[PDB]
Structure formats: structure tokens, C-alpha cells
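These notes concern the structure reproduced below.
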Amino acid sequence: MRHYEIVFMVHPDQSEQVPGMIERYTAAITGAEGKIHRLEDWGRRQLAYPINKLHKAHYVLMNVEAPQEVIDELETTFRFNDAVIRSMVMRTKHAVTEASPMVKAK
Amino acid sequence: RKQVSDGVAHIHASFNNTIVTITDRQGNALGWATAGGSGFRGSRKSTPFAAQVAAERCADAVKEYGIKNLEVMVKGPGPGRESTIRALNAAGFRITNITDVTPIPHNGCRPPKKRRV
Amino acid sequence: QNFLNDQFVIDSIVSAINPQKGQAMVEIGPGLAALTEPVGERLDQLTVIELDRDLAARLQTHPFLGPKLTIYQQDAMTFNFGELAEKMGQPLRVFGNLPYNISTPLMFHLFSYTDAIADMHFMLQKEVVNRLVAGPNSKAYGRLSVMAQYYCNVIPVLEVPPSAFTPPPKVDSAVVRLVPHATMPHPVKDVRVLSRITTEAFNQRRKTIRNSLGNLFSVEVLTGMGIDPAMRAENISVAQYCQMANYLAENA
Amino acid sequence: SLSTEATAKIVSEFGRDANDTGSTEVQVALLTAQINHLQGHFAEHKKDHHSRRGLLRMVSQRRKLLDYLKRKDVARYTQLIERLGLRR
Amino acid sequence: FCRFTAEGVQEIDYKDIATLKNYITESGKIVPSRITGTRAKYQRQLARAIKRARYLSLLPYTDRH
Amino acid sequence: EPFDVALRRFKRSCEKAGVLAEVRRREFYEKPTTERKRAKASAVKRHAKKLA
RNA sequence: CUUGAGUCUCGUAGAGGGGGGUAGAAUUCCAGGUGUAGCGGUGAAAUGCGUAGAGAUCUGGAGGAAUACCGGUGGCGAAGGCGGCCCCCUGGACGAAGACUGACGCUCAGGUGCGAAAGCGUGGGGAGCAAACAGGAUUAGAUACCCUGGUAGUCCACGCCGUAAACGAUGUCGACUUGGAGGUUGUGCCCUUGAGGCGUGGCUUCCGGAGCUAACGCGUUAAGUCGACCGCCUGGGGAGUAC
Ligand SMILES: [Mg+2]
Ligand SMILES: [Mg+2]
Ligand SMILES: [Mg+2]
């Protein structure tokens with residue numbers, strides 16, 4: 001199926017529920033018989049400009065190969081879940097497993 | 001009578017006029033001057049000299065309110081930028097941030113038609 | 001600016017005017033002596049306005065003319081023709097030639113005096129004259145021709161080639177005469193209602209009148225007047241326009 | 001514009017073997033399947049004229065192939081249009 | 001040219017903010033490809049990447065924001 | 001930090017930003033045909049120098 | 001029969017189209033807040049706006065429109081045209097290496113459909129801009145040129161119109177015929193790697209040989225050399241006008 005990047009950011013003051021979010025979405029992926037090749041967090045990270053008047057929000061990445069359907073589910077779950085302040089989904093060419101440069105800097 | 005000192009200075013320069021205003025850190029106006037109120041009209045209203053004089057009039061207004069610190073920002077396309085801010089160097093303040101804050105749109109809405117001249 | 005040059009058409013215009021006593025005649029824009037002389041000649045005495053005081057001196061000092069006319073030196077759009085109609089004993093014959101930016105104003109000022117004027121006789125540019133007489137269903141028709149045809153009956157007199165003028169323009173032009181109706185064939189409650197109905201309509205002349213006059217009236221009003229709202233503004237005669245004007249005025 | 005597997009089903013149906021592609025039967029079949037599928041596209045995407053320019057190319061290409069096969073062999077033509085229900 | 005061509009030949013990139021910073025003004029505008037020395041193929045990829053990076057506030061749009 | 005050296009630094013920054021040239025040219029709308037014509041006119045006005 | 005035509009497998013580049021989300025600038029507007037005599041506009045004025053607080057500047061909100069920069073002598077598209085970003089649907093193209101069909105082809109009167117800008121139709125929307133209009137100025141006059149306003153329109157869905165210097169002013173398809181400097185996008189081989197260097201398609205720009213051309217110029221992307229079909233012209237006006 002379509003490979004995807006899913007990349008999103010969470011309110012600094014909801015960053016503690018992020019493990020629960022990884023559960024909810026990873027369960028949607030495996031419950032679609034999709035697979036995952038990266039999961040990452042880059043912590044609270046400062047913003048080049050304010051998002052929703054906030055700063056320092058918490059950044060997350062997934063590399064995924066789920067069927068198209070459930071991507072629209074989790075996508076619309078972002079408009080339902082106000083703890084997610086932004087998301088971007090990308091129909092990337094391949095599954096990719098090598099860590100983000102945001103991790104590899106450590 | 002109120003004495004405070006933290007100061008933001010806004011220069012609003014155009015080919016007809018230059019307004020200059022002083023505000024607190026909050027952005028709350030302490031006082032202001034223009035060129036047209038400096039008294040110049042028509043052509044003289046938009047001159048580097050009139051923009052200096054406008055700055056002197058603001059410098060007097062802030063002597064009453066606050067004078068130790070200033071952070072000066074500049075806007076509009078008009079002449080006399082250097083002339084008015086060096087006129088803030090008169091009764092000089094300790095300032096370090098300068099850029100314009102001239103509004104540039106990321107391909108915003110239709111400007112007026114060109115003059116048939 | 002222009003004034004005529006050739007005796008053939010000068011003589012044609014002044015003769016077609018038929019200027020004689022038993023008429024309350026007044027020139028406006030006497031201009032070059034050549035065309036003001038024959039009318040000041042045939043009328044035993046004649047009134048005139050010139051806008052220019054220097055030309056008014058040139059003609060008032062001319063012994064053919066100064067002794068044979070009474071002469072006024074001002075913008076005619078200030079001028080109290082309703083009192084001049086009293087001083088001339090009967091409503092005026094007003095006539096002549098001008099630089100004619102003022103033309104549009106002339107008509108309105110003349111119409112402010114439809115009682116005080118017996119008739120108007122003037123040269124004008126080809127397109128505005130053909131508009132002024134235009135039949136309702138034509139592109140030449142429109143709001144100013146509507147108001148003109150409302151105030152007066154309008155009649156082309158004769159048409160003149162551009163080489164006929166002293167500075168010859170590129171543009172052919174015609175003398176036209178018009179007649180304030182002795183009783184209005186179209187009685188109207190007010191003319192401002194006509195003026196605004198016509199401007200709204202002609203400001204929107206490409207769309208249906210449902211999308212022009214139906215922006216104010218309903219379709220059921222329009223069809224109630226017997227008017228199809230699916231017409232365009234340039235299908236509509238002055239008759240139903242004054243009917244609309246009366247409807248606006250009386251239902252307001 | 002078709003999945004390799006729908007293509008495989010079609011060529012394994014209408015084709016001589018797996019070595020055949022582009023026998024007239026293979027062509028008109030996969031072309032037909034594409035045309036059938038695209039009815040769903042245009043039923044939403046009415047204004048997609050630039051896409052439908054390709055559809056017009058495809059239906060006329062189908063017609064040209066059928067008419068060639070019709071003059072080459074009526075039996076192959078009739079059993080093929082029978083199988084696809086063509087001249088519907 | 002050929003050294004800048006090697007920068008394209010090696011990699012096609014998004015999320016490498018450290019390399020994106022090689023191709024922006026301090027005011028946040030994209031550098032024109034002739035100044036970068038890079039080939040247009042990679043310029044497009046860089047522009048697409050920068051636009052995404054701005055969307056996620058990894059890079060500013062302007063100097064101020 | 002001398003005021004007039006910070007002024008020179010500022011002047012270089014606004015020059016590098018081009019903002020006065022942008023707000024100058026942005027003053028009016030244009031029928032896109034004329035900037036098309038002006039663009040290719042400049043392109044040949046340039047290319048004529050390439051020849052020696 | 002396989003050389004034309006065309007299918008398949010694998011890649012590639014792209015503002016191609018259709019549909020749906022979404023972002024940062026920006027303007028205007030509203031709501032405060034600080035604040036006060038001006039602002040605004042022009043050549044200068046005036047009309048305009050402000051002591052009911054404008055202008056300015058801070059915050060917060062609204063709404064409609066458009067995508068600064070990349071961006072190019074650059075890509076895609078039949079042409080008209082296509083440019084923030086992501087998704088969803090979807091068209092075409094080019095290269096690779098085979099495999100497959102087996103002349104299935106080209107052109108095309110009528111026909112059918114797509115077709116800028118303006119305008120119309122039906123119902124929304126209306127930020128900014130702006131025919132008409134309105135008012136202030138300018139001018140011998142000024143209808144213009146200037147300014148302050150401003151409706152239609154500009155936007156959207158769904159109909160219509162069917163024209164543009166809709167022009168490469170250059171019909172479509174096929175073959176051939178010196179070179180040269182670029183651009184762009186695949187690809188092969190060599191790479192000592194990484195740069196390189198031999199090739200090799202596609203697209204595209206500018207020079208220019210021969211030849212052609214009234215001349216200007218065109219010139220392997222012909223306006224050269226030619227084959228098939230289509231469209232069109234037959235002095236100037238009257239007139240793309242009448243009927
Ligand atoms: Mg409409
Ligand atoms: Mg339109
Ligand atoms: Mg005709």
C-alpha cells in the first residue's frame with residue numbers, strides 16, 4: 001500500500017498524553033494491518049513563529065505503509081483532537097527506517 | 001504627572017507625510033508628532049528636514065514621560081528615515097534593534113491602477 | 001473648439017432658423033461675425049449671450065451688430081431665461097453654436113426653462129445628435145436621449161461636413177431643433193424619478209430589466225404595468241419609462 | 001492508468017498466453033475496462049475536460065481496433081464483443 | 001559548477017534544517033539557484049522542502065515570523 | 001556600538017532586503033501583458049552584450 | 001511480413017486537469033487599549049476623515065481575495081491556458097530494456113467538443129480593485145489627464161455567449177538535407193571516487209552554412225528538398241457592410 005510520512009505537533013501542555021496518542025494511532029495502523037518503520041519524538045521544541053499563540057510545542061514523526069482509508073481516519077482525528085495543533089501527511093515513495101536528522105543530531 | 005522608562009518608537013514615513021509616535025513596551029502611546037503638525041504643508045510636509053523637526057517634537061514629549069531607553073522601528077516608503085532617527089540621536093537614547101517593518105504582502109490583493117501621467 | 005466657415009451652410013442654417021420679429025429670439029455663442037450677422041440682420045433687433053467678454057466687445061463694438069442687438073457677457077448656465085422670456089413678451093427662441101463641453105449642461109438648463117422656451121435650434125456632433133433622436137430599440141438610445149425626448153419633440157434640421165468649420169474638425173455635425181411640448185404627451189409626477197430610473201437602467205443596460213429596474217420594483221409590479229421584466233433597458237420606450245416614474249412616485 | 005494485477009487478469013483472460021500483450025483482444029479488453037472505470041471519475045469530475053480528452057482518445061481508439069478486427073475476422077470480433085458485451 | 005552539482009548528486013532533502021540554512025536569506029527568503037550554484041532539479045526540491053519546513057515553523061517565513 | 005555605524009549596518013540590511021524597491025514597484029496593478037513584454041525586452045537588451 | 005501503427009513490463013520529469021483540506025504574509029473592517037490634533041490628498045489644492053478621540057500604535061476578532069521569494073532566455077498543456085502547501089481522483093509525455101499484436105495507418109468536407117478577456121442567464125459572496133455613476137480639481141474649453149468617493153463587474157456553483165494582434169501573424173502528418181553555442185529532462189558506458197569523461201534519446205533557446213525569399217529574413221523545431229489530405233486568397237474602397 002501507499003507509504004506515508006505522518007508528522008505532527010502537540011501543545012506543550014498536552015505533551016504528557018503523547019504516549020497515549022502513539023497508542024491510539026499505532027493501534028489504528030496495526031488494526032488496519034498497516035506497518036510502521038519509524039516512530040519518533042523530538043520533545044518540546046521552539047517554533048520559528050507562534051502557533052495558536054504558543055511556543056515550544058512537542059514534535060512527532062511516523063513512517064508508515066497503511067491502506068489509504070485509515071490515513072483519513074487519523075487525519076480527521078487530528079481535527080477532532082485539539083491537543084494536536086498541526087499535522088502534515090506525505091505520500092512518500094518508500095518505507096524509510098533511518099532516524100530523522102532531528103534524532104541523529106543527538 | 002507620570003515618569004516611566006521603557007520606550008518603543010515608530011516612524012511612519014510616506015511621500016505626503018511622516019508621523020512619529022512613542023509608546024511604552026506594552027505598545028501604549030506616550031505621545032506623538034508629525035510633519036504636518038510641525039506645520040509644513042504640500043511639498044514641505046514630506047522632506048527630511050520636516051522629519052527631523054517631527055522627531056524633535058517627539059523628543060520634547062518623551063522628556064516629560066521617559067528618556068533613558070528606546071527601540072526604534074520604521075515603516076512606510078517615504079523619505080527622511082535617517083534624518084528622523086538621527087534626530088532621535090538628539091537627546092540620544094541607547095537603542096539596539098533596527099529593521100524596517102514595512103508591510104510586504106505574500107501576493108496580496110489588487111493595488112490601485114497606475115496614474116495616466 | 002469650432003465655428004463655421006462656408007457661406008452656403010451658414011446661409012442654410014440662418015435661413016432654416018427663419019429668424020423674424022413676432023419671435024422672442026436670442027442667440028447664444030455668436031462666435032465669428034459671419035454666422036451671427038445674417039440672424040442679427042433678418043431680426044430687426046435680436047438678443048444675445050456671448051460667454052467671452054472679449055468677443056462680446058468685438059461684436060458690441062461692431063456697428064452692424066451692437067446697434068442691432070442687445071448683448072450679454074456671462075456663462076449662459078447662470079442666465080435667467082425665464083425672466084428674459086418675460087422681457088421678450090413670449091417664450092424664447094434660443095439658438096447658436098458653441099465649444100460644446102457645455103452642451104450636456106445647455107440641455108438641462110434649457111429644460112429648466114421648458115415653459116420659458118418656445119424652441120431650441122443648435123449645431124451638435126453627429127453621435128450625440130443621432131443619440132438624441134434615437135428610437136427606443138437601438139444602441140444609439142439611452143438615458144440622455146430619453147430625458148431629451150421626454151422634455152421636447154426633437155427634429156434634425158441639416159447635417160454639415162467637417163471641412164465646413166473654420167478650424168475643421170474630423171467630426172461631421174448637424175443642426176437640430178426641438179420643441180418643448182405644449183402639453184406633455186407623457187405626463188409625469190416628477191422628473192427626478194425618471195432621471196434615476198433611467199440612470200439605474202442604463203448603468204446596467206446589458207442585463208435584463210428584472211436585473212435593472214427589478215432591483216427596485218418587483219417582477220409582479222413590472223408585469224402588472226404590462227412590462228416584460230425579461231427585456232433589456234434598450235428595448236423600453238419613454239412611455240413605459242414615465243409610467244414606471246409615475247408608479248415609483250405614487251407608490252412611494 | 002491500471003493496476004498490474006487487473007491488467008494480469010485481463011491479459012490472462014483475453015490473451016493467447018502470458019507472452020501475449022497487445023493482441024487486439026488484450027488491447028480492446030484493457031482499454032474497455034479503463035473506460036468502464038473512468039465513468040466513476042467523470043460522474044463526479046464533470047468539469048475535468050483535460051482528463052476527458054484522454055477518454056475521447058480511448059473510446060475512438062477502441063472503435064478503430066474493433067473495426068480492424070471486424071474486417072480481419074468476424075468470428076474473433078463477434079465472440080470478443082460478445083464477451084465484453086460491446087456494441088451495447 | 002561541478003562541486004555544487006555533487007551537492008545535488010549526493011542528496012535530495014527535507015527536515016535537514018542544517019543544510020536548508022545554506023540556501024535561505026536571514027529574512028527567510030529562498031536564494032536563487034544561480035547564487036547557490038546548484039542545478040534547477042535540486043532548487044525545486046529545496047523550495048518544496050522550505051515550504052514544508054515553514055508550514056511546521058522549522059523555518060520562519062520572514063525575518064519577524 | 002556607534003549610532004551611525006549601527007545606522008550603516010541597518011542601511012545595508014534594508015538594501016539587502018530590497019524592501020524600498022519592492023514597495024516602490026508594488027504601488028500599482030499591471031495588465032500582465034506589459035510585464036511580459038518588458039521582461040523579454042530586458043532579456044534581449046541583456047543578450048546583445050553577450051556577443052563580444 | 002515487421003520497419004509504420006499500437007499493447008505490455010520498469011522507471012522519470014512536470015504551474016496538465018478535476019475534487020477536498022490547510023498556511024504565512026497582506027488589505028479592509030469590527031471590538032477594545034494607550035494616546036490627541038491632526039490625518040488624508042496633490043504640482044498645489046479641494047472634496048474626504050478626526051475632539052463622538054481620528055491619524056498613530058498594541059491587542060483581540062471578522063471577512064473576502066491573492067499566493068511576496070523559488071521563478072529561470074524554466075516545466076506542463078490541443079489551444080485557450082496552468083504558480084503557497086498537503087491530500088484525494090485523474091490526463092498526457094519521455095527514457096530504459098526486452099516482450100507482444102501484425103499495416104490496425106495519415107488526413108478530414110459536413111459533424112462533434114474544448115475554447116482568453118468582456119458580457120449575459122440563475123442563486124450565492126463581496127476583502128481589495130473598479131467601467132458606469134457622483135463630487136472635488138485642472139484647462140481657453142477638459143467631455144480627458146489629478147484627487148476623494150463608487151455600482152456593475154471582478155469571486156463561487158450552475159447555465160450561455162463562442163469572440164481576441166485566440167499571432168510563430170506561419171494548417172495537419174510523414175521522409176530527407178552543412179554546422180555551432182547553450183538550456184532542460186531521461187539514459188548507457190567509462191568513471192580512480194566524488195568531480196570528470198566517452199557516449200545516447202526527448203524537449204527547448206540562440207547563432208548560422210547550403211538552399212530559399214520581393215526583400216526582410218527563414219534556415220534540420222525551414223520560410224531548404226519533397227510526398228498525402230484539408231483550410232484559404234484573387235486590385236483598392238463600398239464591406240465582413242446589406243439582404
Ligand atoms: Mg453574474
Ligand atoms: Mg468574467
Ligand atoms: Mg454579419
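Letters A, B, ... mark the chains of the C-alpha cells in the order given; residue numbers begin at 1 per chain; ligand numbers begin at 1, in order shown.
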What do you get as a VMD selection string if you pick all residues at most 9 Å from ligand 2, counting only C-alpha atoms (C1' of nucleotides) and all ligand atoms?
chain G and resid 117 to 119 153 to 154
Hey, list the chain G side of the contact with chain B: 6 Å cut-off, only C-alpha atoms (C1' of nucleotides), answer as a PDB file with N, CA, C and O atoms (P, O5', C5', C4', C3', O3' and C1' of nucleotides), in the first residue's frame.
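Listing of iface.pdb after writing:
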```pdb
ATOM      1  P     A G  25       2.279  35.673   9.866  1.00  0.00           P
ATOM      2  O5'   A G  25       3.052  36.458   8.710  1.00  0.00           O
ATOM      3  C5'   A G  25       2.529  37.663   8.219  1.00  0.00           C
ATOM      4  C4'   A G  25       3.041  37.896   6.806  1.00  0.00           C
ATOM      5  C3'   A G  25       2.339  39.104   6.233  1.00  0.00           C
ATOM      6  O3'   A G  25       2.886  40.308   6.709  1.00  0.00           O
ATOM      7  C1'   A G  25       2.220  37.346   4.712  1.00  0.00           C
ATOM      8  P     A G  26       1.927  41.345   7.453  1.00  0.00           P
ATOM      9  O5'   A G  26       1.001  41.742   6.216  1.00  0.00           O
ATOM     10  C5'   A G  26       1.592  42.312   5.073  1.00  0.00           C
ATOM     11  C4'   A G  26       0.564  42.456   3.975  1.00  0.00           C
ATOM     12  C3'   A G  26      -0.616  43.279   4.444  1.00  0.00           C
ATOM     13  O3'   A G  26      -0.289  44.648   4.464  1.00  0.00           O
ATOM     14  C1'   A G  26      -1.324  41.397   3.204  1.00  0.00           C
ATOM     15  P     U G  34      -6.909  53.213  28.142  1.00  0.00           P
ATOM     16  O5'   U G  34      -5.474  53.577  27.548  1.00  0.00           O
ATOM     17  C5'   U G  34      -4.295  53.282  28.256  1.00  0.00           C
ATOM     18  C4'   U G  34      -3.117  53.594  27.348  1.00  0.00           C
ATOM     19  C3'   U G  34      -3.117  55.042  26.881  1.00  0.00           C
ATOM     20  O3'   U G  34      -2.549  55.889  27.855  1.00  0.00           O
ATOM     21  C1'   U G  34      -2.670  53.551  25.116  1.00  0.00           C
ATOM     22  P     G G  35      -3.242  57.281  28.213  1.00  0.00           P
ATOM     23  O5'   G G  35      -3.005  58.108  26.873  1.00  0.00           O
ATOM     24  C5'   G G  35      -1.714  58.489  26.475  1.00  0.00           C
ATOM     25  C4'   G G  35      -1.750  58.922  25.012  1.00  0.00           C
ATOM     26  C3'   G G  35      -2.826  59.975  24.722  1.00  0.00           C
ATOM     27  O3'   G G  35      -2.662  61.245  25.331  1.00  0.00           O
ATOM     28  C1'   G G  35      -2.887  58.319  23.088  1.00  0.00           C
ATOM     29  P     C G  58       2.516  48.166  16.719  1.00  0.00           P
ATOM     30  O5'   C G  58       1.646  47.756  18.002  1.00  0.00           O
ATOM     31  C5'   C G  58       2.255  47.410  19.227  1.00  0.00           C
ATOM     32  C4'   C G  58       1.195  46.992  20.248  1.00  0.00           C
ATOM     33  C3'   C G  58       0.357  45.831  19.749  1.00  0.00           C
ATOM     34  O3'   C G  58       1.056  44.610  19.823  1.00  0.00           O
ATOM     35  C1'   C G  58      -0.992  47.451  20.835  1.00  0.00           C
ATOM     36  P     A G  66      -8.969  34.940  -5.890  1.00  0.00           P
ATOM     37  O5'   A G  66      -7.443  35.338  -5.650  1.00  0.00           O
ATOM     38  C5'   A G  66      -6.854  36.372  -6.405  1.00  0.00           C
ATOM     39  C4'   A G  66      -5.480  36.719  -5.848  1.00  0.00           C
ATOM     40  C3'   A G  66      -4.499  35.560  -5.930  1.00  0.00           C
ATOM     41  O3'   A G  66      -3.945  35.430  -7.224  1.00  0.00           O
ATOM     42  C1'   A G  66      -4.422  36.595  -3.817  1.00  0.00           C
ATOM     43  P     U G  67      -3.044  34.161  -7.584  1.00  0.00           P
ATOM     44  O5'   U G  67      -1.650  34.439  -6.865  1.00  0.00           O
ATOM     45  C5'   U G  67      -0.735  33.397  -6.604  1.00  0.00           C
ATOM     46  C4'   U G  67       0.266  33.975  -5.619  1.00  0.00           C
ATOM     47  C3'   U G  67       1.396  33.023  -5.256  1.00  0.00           C
ATOM     48  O3'   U G  67       2.537  33.837  -5.148  1.00  0.00           O
ATOM     49  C1'   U G  67      -0.075  33.472  -3.378  1.00  0.00           C
ATOM     50  P     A G  68       4.009  33.258  -5.375  1.00  0.00           P
ATOM     51  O5'   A G  68       4.807  34.605  -5.028  1.00  0.00           O
ATOM     52  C5'   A G  68       4.773  35.117  -3.712  1.00  0.00           C
ATOM     53  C4'   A G  68       5.144  36.598  -3.664  1.00  0.00           C
ATOM     54  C3'   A G  68       6.595  36.905  -3.957  1.00  0.00           C
ATOM     55  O3'   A G  68       6.881  37.094  -5.326  1.00  0.00           O
ATOM     56  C1'   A G  68       5.904  38.011  -1.988  1.00  0.00           C
ATOM     57  P     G G 128     -12.016  46.685   1.226  1.00  0.00           P
ATOM     58  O5'   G G 128     -10.860  46.678   0.123  1.00  0.00           O
ATOM     59  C5'   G G 128      -9.506  46.717   0.499  1.00  0.00           C
ATOM     60  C4'   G G 128      -8.658  46.152  -0.634  1.00  0.00           C
ATOM     61  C3'   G G 128      -8.833  46.900  -1.950  1.00  0.00           C
ATOM     62  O3'   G G 128      -8.024  48.053  -2.036  1.00  0.00           O
ATOM     63  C1'   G G 128      -9.072  44.601  -2.285  1.00  0.00           C
ATOM     64  P     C G 129      -8.588  49.378  -2.732  1.00  0.00           P
ATOM     65  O5'   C G 129      -8.717  48.968  -4.268  1.00  0.00           O
ATOM     66  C5'   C G 129      -7.566  48.676  -5.020  1.00  0.00           C
ATOM     67  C4'   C G 129      -7.949  48.024  -6.342  1.00  0.00           C
ATOM     68  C3'   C G 129      -8.804  48.948  -7.199  1.00  0.00           C
ATOM     69  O3'   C G 129      -8.042  49.831  -7.986  1.00  0.00           O
ATOM     70  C1'   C G 129      -9.737  46.783  -7.142  1.00  0.00           C
TER      71        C G 129
END
```
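Atom to atom, atom CA of residue 19 of chain F and atom CA of residue 84 of chain B stand 18.9 Å apart.
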Can you tell me which residues surround segment 90-102 of chain C at a distance of at most 7 Å, considering only C-alpha atoms (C1' of nucleotides), apart from same-chain residues fewer than 2 positions away, and format the answer as a PyMOL selection string?
(chain C and resi 1-2+23-30+85-86+88+104-106+116-123) or (chain G and resi 141+143)
Could you pull out the residues in chain F that DSSP calls helix (DSSP H, G or I) from the backbone, as a compact mmCIF listing (two decimals) with C-alpha atoms, in the first residue's frame?
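Okay, states-v2.txt is ready:
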```txt
# COMPACT_ATOMS: atom_id res chain seq x y z
CA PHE F 3 24.78 55.02 16.50
CA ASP F 4 25.83 55.91 12.93
CA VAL F 5 27.67 52.55 12.48
CA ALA F 6 24.52 50.73 13.64
CA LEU F 7 22.73 53.02 11.08
CA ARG F 8 25.14 51.83 8.31
CA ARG F 9 24.52 48.18 9.39
CA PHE F 10 20.76 48.86 9.25
CA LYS F 11 21.08 50.58 5.81
CA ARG F 12 22.97 47.54 4.47
CA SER F 13 20.27 45.21 5.87
CA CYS F 14 17.37 47.14 4.23
CA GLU F 15 19.35 47.34 0.95
CA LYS F 16 19.92 43.54 1.09
CA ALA F 17 16.19 43.14 1.88
CA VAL F 19 12.17 46.49 0.55
CA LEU F 20 12.10 50.08 -0.79
CA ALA F 21 12.45 48.77 -4.39
CA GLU F 22 9.63 46.25 -3.73
CA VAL F 23 7.16 48.73 -2.18
CA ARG F 24 8.06 51.24 -4.96
CA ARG F 25 7.23 48.76 -7.78
CA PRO F 32 0.09 41.06 -17.27
CA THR F 33 0.88 41.51 -20.99
CA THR F 34 3.07 44.58 -20.24
CA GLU F 35 5.37 42.97 -17.67
CA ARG F 36 5.57 40.02 -20.13
CA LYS F 37 6.71 42.44 -22.89
CA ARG F 38 9.07 44.33 -20.53
CA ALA F 39 10.61 41.05 -19.33
CA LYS F 40 11.54 39.79 -22.84
CA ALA F 41 12.63 43.32 -23.86
CA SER F 42 15.12 43.28 -20.95
CA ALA F 43 16.16 39.70 -21.89
CA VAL F 44 17.27 40.77 -25.41
CA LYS F 45 18.62 44.15 -24.14
CA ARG F 46 20.91 41.92 -21.98
CA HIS F 47 21.70 39.23 -24.60
```
Fewer than 5 positions away in the same chain doesn't count, so skip those; otherwise give me all residues within 7 Å of residue 95 of chain A, counting only C-alpha atoms (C1' of nucleotides), as an MDAnalysis selection string.
chainID A and resid 3 37 63:65
Within 12 Å of ligand 3, counting only C-alpha atoms (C1' of nucleotides) and all ligand atoms: which residues, as a PyMOL selection string?
chain G and resi 239-243
If DSSP is run on the backbone, what residues of chain B are strand (DSSP E)? A reply as a list in words would be ideal.
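Residues of chain B classed as strand (DSSP E): residues 8, 9, 10, 11, 12, 13, 18, 19, 20, 21, 22, 23, 29, 30, 31, 32, 33, 34, 71, 72, 73, 74 and 75 of chain B.
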Please identify all protein, DNA and RNA residues within 9 Å of ligand 1, counting only C-alpha atoms (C1' of nucleotides) and all ligand atoms, and report them as a PyMOL selection string.
chain G and resi 120-122+153
Got time to write the residues from that selection, N, CA, C and O atoms (P, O5', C5', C4', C3', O3' and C1' of nucleotides), as a PDB file, in the first residue's frame?
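File result21.pdb, as written:
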```
ATOM      1  P     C G 120     -23.633  41.861 -17.741  1.00  0.00           P
ATOM      2  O5'   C G 120     -24.433  40.659 -18.410  1.00  0.00           O
ATOM      3  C5'   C G 120     -25.484  40.946 -19.282  1.00  0.00           C
ATOM      4  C4'   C G 120     -26.002  39.711 -19.974  1.00  0.00           C
ATOM      5  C3'   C G 120     -26.707  38.810 -18.990  1.00  0.00           C
ATOM      6  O3'   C G 120     -27.960  39.341 -18.639  1.00  0.00           O
ATOM      7  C1'   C G 120     -25.369  37.565 -20.423  1.00  0.00           C
ATOM      8  P     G G 121     -28.532  39.037 -17.185  1.00  0.00           P
ATOM      9  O5'   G G 121     -28.738  37.456 -17.287  1.00  0.00           O
ATOM     10  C5'   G G 121     -29.740  36.936 -18.129  1.00  0.00           C
ATOM     11  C4'   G G 121     -29.839  35.430 -17.960  1.00  0.00           C
ATOM     12  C3'   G G 121     -30.038  35.067 -16.501  1.00  0.00           C
ATOM     13  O3'   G G 121     -31.357  35.282 -16.092  1.00  0.00           O
ATOM     14  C1'   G G 121     -28.541  33.608 -17.511  1.00  0.00           C
ATOM     15  P     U G 122     -31.637  35.779 -14.605  1.00  0.00           P
ATOM     16  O5'   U G 122     -31.445  34.464 -13.724  1.00  0.00           O
ATOM     17  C5'   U G 122     -32.445  33.474 -13.601  1.00  0.00           C
ATOM     18  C4'   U G 122     -31.958  32.416 -12.611  1.00  0.00           C
ATOM     19  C3'   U G 122     -31.609  33.040 -11.265  1.00  0.00           C
ATOM     20  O3'   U G 122     -32.735  33.142 -10.418  1.00  0.00           O
ATOM     21  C1'   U G 122     -29.926  31.520 -12.010  1.00  0.00           C
ATOM     22  P     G G 153     -22.670  42.170 -11.251  1.00  0.00           P
ATOM     23  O5'   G G 153     -21.230  42.196 -11.930  1.00  0.00           O
ATOM     24  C5'   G G 153     -21.087  42.183 -13.330  1.00  0.00           C
ATOM     25  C4'   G G 153     -19.668  42.617 -13.641  1.00  0.00           C
ATOM     26  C3'   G G 153     -18.667  41.641 -13.051  1.00  0.00           C
ATOM     27  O3'   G G 153     -18.439  40.514 -13.872  1.00  0.00           O
ATOM     28  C1'   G G 153     -18.071  43.865 -12.550  1.00  0.00           C
TER      29        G G 153
END
```
Taking 5 positions as the minimum chain separation for residues in the same chain, which residues sit within 10 Å of segment 67-79 of chain D when counting only C-alpha atoms (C1' of nucleotides)? Answer as a ChimeraX atom specification.
/D:24-25,62,84-87 /G:104
Residue contacts of segment 63-68 of chain C (10 Å, only C-alpha atoms (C1' of nucleotides)) excluding same-chain residues fewer than 5 positions away, as a ChimeraX atom specification:
/C:33,36-37,40-41,43-47,56-58
When you draw a straight line from atom CA of residue 51 of chain E to atom CA of residue 74 of chain A, how long is it in Å?
23.4 Å
For chain E, which residues have at least one atom within 8 Å of chain G, if we go by only C-alpha atoms (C1' of nucleotides)? Write them as number ranges by chain, please.
E: 2-3, 6, 29-32, 43-44, 47, 51-52, 55, 61
Residues at most 9 Å from residue 12 of chain E, counting only C-alpha atoms (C1' of nucleotides), excluding those fewer than 5 positions away in the same chain, as a VMD selection string?
chain E and resid 7 42 45 to 46
Only C-alpha atoms, please: the residues just picked out, written as a compact mmCIF listing (two decimals), in the first residue's frame.
```txt
# COMPACT_ATOMS: atom_id res chain seq x y z
CA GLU E 7 25.64 18.57 -3.57
CA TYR E 42 17.59 20.38 -6.65
CA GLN E 45 13.28 20.09 -4.24
CA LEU E 46 14.81 22.69 -1.88
```
Provide the atom CA of residue 100 of chain A to atom CA of residue 52 of chain A distance in Å, to one decimal place.
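Rounded to one decimal, the two atoms are 25.6 Å apart.
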With only C-alpha atoms considered, list every residue of chain E at most 10 Å from chain B, as a VMD selection string.
chain E and resid 61 to 64
Output the selection as a tab-separated table (two decimals), in the first residue's frame - C-alpha atoms for each residue.
```tsv
chain	number	residue	atom	x	y	z
E	61	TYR	CA	8.51	32.88	6.59
E	62	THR	CA	10.07	36.36	7.12
E	63	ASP	CA	12.60	37.93	9.49
E	64	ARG	CA	9.83	38.66	12.08
```
Given only C-alpha atoms as the basis, pick out the residue of B:95, B:14, B:39, B:69 nearest to residue 54 of chain B.
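For residue 54 of chain B, the nearest of the given residues is B:39.
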